[PDB]
There are 2 protein chains.
Amino acid sequence: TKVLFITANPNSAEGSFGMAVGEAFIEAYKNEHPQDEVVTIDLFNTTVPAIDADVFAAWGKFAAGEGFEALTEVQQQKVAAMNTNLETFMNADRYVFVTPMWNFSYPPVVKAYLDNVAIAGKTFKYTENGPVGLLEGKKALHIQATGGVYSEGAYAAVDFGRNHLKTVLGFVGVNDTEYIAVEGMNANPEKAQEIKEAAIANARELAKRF
Amino acid sequence: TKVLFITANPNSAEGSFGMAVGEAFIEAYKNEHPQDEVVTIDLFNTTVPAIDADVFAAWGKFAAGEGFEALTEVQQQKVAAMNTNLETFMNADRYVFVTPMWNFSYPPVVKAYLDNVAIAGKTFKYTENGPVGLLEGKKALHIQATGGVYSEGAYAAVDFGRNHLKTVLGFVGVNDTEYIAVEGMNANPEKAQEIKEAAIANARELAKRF
Ligand SMILES: Cc1cc2nc3c(=O)[nH]c(=O)nc-3n(C[C@H](O)[C@H](O)[C@H](O)COP(=O)(O)O)c2cc1C
Ligand SMILES: Cc1cc2nc3c(=O)[nH]c(=O)nc-3n(C[C@H](O)[C@H](O)[C@H](O)COP(=O)(O)O)c2cc1C
Ligand SMILES: O=S(=O)(O)c1ccc(/N=N/c2ccc(O)c3ccccc23)cc1
Ligand SMILES: O=S(=O)(O)c1ccc(/N=N/c2ccc(O)c3ccccc23)cc1
């Protein structure tokens, strides 16, 4: 079993609530499954090319039947890094995402990553009734840290990072997801240590059944 | 009246449905208001620093009362570009956003831009009840091109780019927003030219009342 620990937080577990909980999850998971492989992809230190003019030009050449050496050097670098991320993602069995909420969504690089990993003919296909995911046997967990409280009730509607992420995962065929919120720390700063420990405990229990 | 024409499409108006419509909007608007100032911000050719470890470090120094010279060179470059985008945004009266839908949301750089423009003590402030916008007298238009149809009905729930963008605009105090969809071109490729022309006409009419 290959697990991708995909983090999108510029701070480490020492200064991020989400990273604290994600590291507790991952450690507890490793203890339960010593032989599982866990690769960390820190999206703040991984090349995750945005789709841009170079990418569209590259895709146009591939659609014209041309090969990799038809691309410029910059195009090659971007497509190579995109293929690497896609292949790493398709071949793993389990995905753990760690994100903070910034302005009602995730850091931009999460979107860039989803744009690398959602690819026609690789992770979804077109059908009569509409697009369907190609990925089978997968499971995901999203750990999201938020100042406010969005996990249930009316404010769930503006939890765009959570909801978009779950949507894209489902679209690509990963319909088995879990969610842990580390929430309310900014609404209640004196309760922040308790909120974190309760989320740590929740992550540790989930690690024994994920 | 100062208008920002903010585009997030790597293609020009000749190869993008959204850009075709946005161009038609913006030229019709200039022609109606020749004395208005219209600045184009192409997000694919504008420095829009992601919030990262350098930015958090820089902010920590400003919160400690230190000045700009306490930053490293890279930090200075990032914060200078972030302040420029923020200032340019705060001082304009109107925003026009052009985006395509990629995997149920916008290109990553739209999120990076919103993370530049949503800043505590500048575009929103903390309140008893919760945060509120500081910007007054502003108006926005979002033009979004999408393969499917999401503008109304059940699929509206997965129009995350539209909905998140509106949410952040509202949050910073821009509650007056218009929306034009250029939609269904991929669902109905034979109707694509008609869909584009109808959206062009809708944009030209809106320009007379925006
Ligand atoms: C740039 C930025 C934007 C934020 N935006 C929101 C927000 O929209 N809603 C919210 O409840 N909290 C927001 N917060 C507070 C964070 O979600 C909260 O501090 C969270 O714990 C950060 O995740 P982390 O501790 O794992 O780094 C924001 C914080 C920062 C630094
Ligand atoms: C990378 C990529 C992702 C896309 N994702 C979606 C999608 O999630 N839903 C949809 O209906 N159309 C999707 N489309 C189709 C585009 O939204 C459609 O082509 C639209 O015309 C793009 O805007 P533009 O013509 O202004 O560039 C996608 C296209 C691309 C290239
Ligand atoms: O639970 S609360 O109602 O108190 C609540 C707390 C935070 C909240 N959002 N706060 C932020 C919004 C946007 C930002 O760029 C922030 C940056 C730092 C801290 C909070 C926020 C909304 C509601
Ligand atoms: O209106 S439809 O039901 O036919 C419909 C059409 C397209 C659609 N989404 N298509 C894409 C999704 C994700 C991508 O990365 C794409 C890339 C190119 C073209 C379409 C899509 C969803 C519904």
# chains A, B, ... in the order shown; residues from 1 in each chain; ligands from 1
$ residues_around --residues "residue A:142" --least-positions-apart "6" --cutoff "9 Å" --atoms "only C-alpha atoms" --output "CSV table (one decimal) with N, CA and C atoms, in the first residue's frame"
chain,number,residue,atom,x,y,z
A,95,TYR,N,-4.5,8.7,-0.4
A,95,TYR,CA,-4.1,10.1,-0.5
A,95,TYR,C,-4.5,10.8,0.8
A,96,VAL,N,-3.6,11.5,1.5
A,96,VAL,CA,-3.9,12.3,2.6
A,96,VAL,C,-3.6,13.7,2.2
A,97,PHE,N,-4.6,14.6,2.3
A,97,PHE,CA,-4.3,16.1,2.0
A,97,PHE,C,-4.4,16.9,3.2
A,98,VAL,N,-3.4,17.8,3.4
A,98,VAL,CA,-3.4,18.7,4.5
A,98,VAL,C,-3.4,20.1,4.0
A,99,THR,N,-4.5,20.9,4.4
A,99,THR,CA,-4.6,22.2,3.9
A,99,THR,C,-5.2,23.1,5.0
A,162,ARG,N,-12.6,22.5,1.0
A,162,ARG,CA,-13.2,21.2,1.3
A,162,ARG,C,-14.0,20.6,0.1
A,165,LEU,N,-12.4,20.1,-3.4
A,165,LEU,CA,-11.5,19.0,-3.3
A,165,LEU,C,-12.2,17.7,-3.4
A,166,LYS,N,-13.2,17.5,-2.6
A,166,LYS,CA,-14.0,16.3,-2.5
A,166,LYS,C,-14.6,16.1,-3.9
A,177,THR,N,-13.9,8.9,0.7
A,177,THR,CA,-13.1,9.9,1.4
A,177,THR,C,-13.4,10.0,2.8
A,178,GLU,N,-12.5,10.6,3.6
A,178,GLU,CA,-12.7,11.0,5.0
A,178,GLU,C,-12.4,12.4,5.1
A,179,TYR,N,-13.0,13.1,6.1
A,179,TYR,CA,-12.7,14.4,6.4
A,179,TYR,C,-12.5,14.7,7.9
A,180,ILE,N,-11.4,15.3,8.3
A,180,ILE,CA,-11.2,15.8,9.6
A,180,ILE,C,-11.0,17.3,9.6
A,181,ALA,N,-11.8,18.0,10.4
A,181,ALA,CA,-11.7,19.5,10.6
A,181,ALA,C,-10.9,19.8,11.8
$ residues_near_ligand --ligand "ligand 3" --cutoff "7 Å" --atoms "only C-alpha atoms and all ligand atoms" --output "list in words"
residues 102, 103, 147, 148, 149, 184, 186 and 187 of chain A; 118, 119, 120, 129, 130 and 131 of chain B
$ write_last_selection --atoms "N, CA and C atoms" --output "mmCIF file, in the first residue's frame"
data_model
loop_
_atom_site.group_PDB
_atom_site.id
_atom_site.type_symbol
_atom_site.label_atom_id
_atom_site.label_comp_id
_atom_site.auth_asym_id
_atom_site.auth_seq_id
_atom_site.Cartn_x
_atom_site.Cartn_y
_atom_site.Cartn_z
ATOM 1 N N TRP A 102 -7.556 29.505 3.685
ATOM 2 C CA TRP A 102 -7.223 30.895 3.423
ATOM 3 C C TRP A 102 -8.298 31.490 2.513
ATOM 4 N N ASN A 103 -9.011 32.473 3.047
ATOM 5 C CA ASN A 103 -10.067 33.189 2.324
ATOM 6 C C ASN A 103 -11.076 32.234 1.717
ATOM 7 N N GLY A 147 -9.930 28.812 10.924
ATOM 8 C CA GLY A 147 -10.105 29.707 12.061
ATOM 9 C C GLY A 147 -11.500 29.565 12.599
ATOM 10 N N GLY A 148 -12.473 29.641 11.702
ATOM 11 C CA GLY A 148 -13.877 29.556 12.079
ATOM 12 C C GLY A 148 -14.352 28.131 12.087
ATOM 13 N N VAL A 149 -15.672 27.972 12.128
ATOM 14 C CA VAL A 149 -16.321 26.661 12.134
ATOM 15 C C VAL A 149 -17.209 26.518 10.902
ATOM 16 N N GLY A 184 -12.153 26.277 14.582
ATOM 17 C CA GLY A 184 -12.649 27.165 15.632
ATOM 18 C C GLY A 184 -11.587 27.796 16.499
ATOM 19 N N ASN A 186 -9.522 30.278 15.949
ATOM 20 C CA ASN A 186 -9.534 31.738 15.922
ATOM 21 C C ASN A 186 -10.804 32.285 16.542
ATOM 22 N N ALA A 187 -11.923 31.587 16.370
ATOM 23 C CA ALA A 187 -13.149 31.939 17.106
ATOM 24 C C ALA A 187 -13.015 31.772 18.612
ATOM 25 N N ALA B 118 -7.203 40.270 -0.419
ATOM 26 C CA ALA B 118 -7.971 40.126 0.799
ATOM 27 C C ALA B 118 -7.016 40.184 1.974
ATOM 28 N N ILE B 119 -6.896 41.376 2.569
ATOM 29 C CA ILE B 119 -5.855 41.650 3.557
ATOM 30 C C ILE B 119 -6.466 42.381 4.739
ATOM 31 N N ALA B 120 -6.220 41.853 5.934
ATOM 32 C CA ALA B 120 -6.741 42.435 7.202
ATOM 33 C C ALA B 120 -6.261 43.856 7.420
ATOM 34 N N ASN B 129 -19.185 40.367 15.538
ATOM 35 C CA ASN B 129 -19.963 39.344 14.825
ATOM 36 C C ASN B 129 -19.115 38.539 13.848
ATOM 37 N N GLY B 130 -18.009 39.127 13.403
ATOM 38 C CA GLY B 130 -17.127 38.473 12.460
ATOM 39 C C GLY B 130 -16.582 39.487 11.470
ATOM 40 N N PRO B 131 -15.731 39.034 10.538
ATOM 41 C CA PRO B 131 -15.099 39.956 9.599
ATOM 42 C C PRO B 131 -16.085 40.653 8.656
#
$ interface_residues --of "chain A" --to "chain B" --cutoff "6 Å" --atoms "only C-alpha atoms" --output "CSV table (one decimal) with N, CA and C atoms, in the first residue's frame"
chain,number,residue,atom,x,y,z
A,10,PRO,N,2.8,26.2,4.3
A,10,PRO,CA,4.2,26.7,4.3
A,10,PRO,C,4.9,26.5,5.7
A,52,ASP,N,-0.7,26.8,-18.5
A,52,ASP,CA,-0.5,28.1,-19.1
A,52,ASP,C,-0.4,27.9,-20.6
A,53,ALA,N,0.1,29.0,-21.3
A,53,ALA,CA,0.2,29.0,-22.8
A,53,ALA,C,1.2,27.9,-23.2
A,108,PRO,N,-3.5,28.3,-3.5
A,108,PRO,CA,-3.6,28.1,-4.9
A,108,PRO,C,-2.9,26.8,-5.4
A,111,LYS,N,-5.0,23.8,-6.2
A,111,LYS,CA,-5.7,23.8,-7.4
A,111,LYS,C,-4.8,23.4,-8.5
A,112,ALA,N,-3.5,23.9,-8.5
A,112,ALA,CA,-2.6,23.6,-9.5
A,112,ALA,C,-2.3,22.1,-9.5
$ residues_around --residues "residue A:49" --least-positions-apart "6" --cutoff "7 Å" --atoms "only C-alpha atoms" --output "ChimeraX atom specification"
/A:78,81-82,112
$ closest_residue --among "A:89, A:150, A:59, A:155" --to "ligand 4" --atoms "only C-alpha atoms and all ligand atoms"
A:59
$ atom_distance --atom1 "atom 18 (C, counted along the ligand's line) of ligand 4" --atom2 "atom CA of residue A:48"
19.0 Å
$ residues_around --residues "residue B:93" --least-positions-apart "4" --cutoff "8 Å" --atoms "only C-alpha atoms" --output "list in words"
residues 1, 2, 3, 137, 138 and 139 of chain B
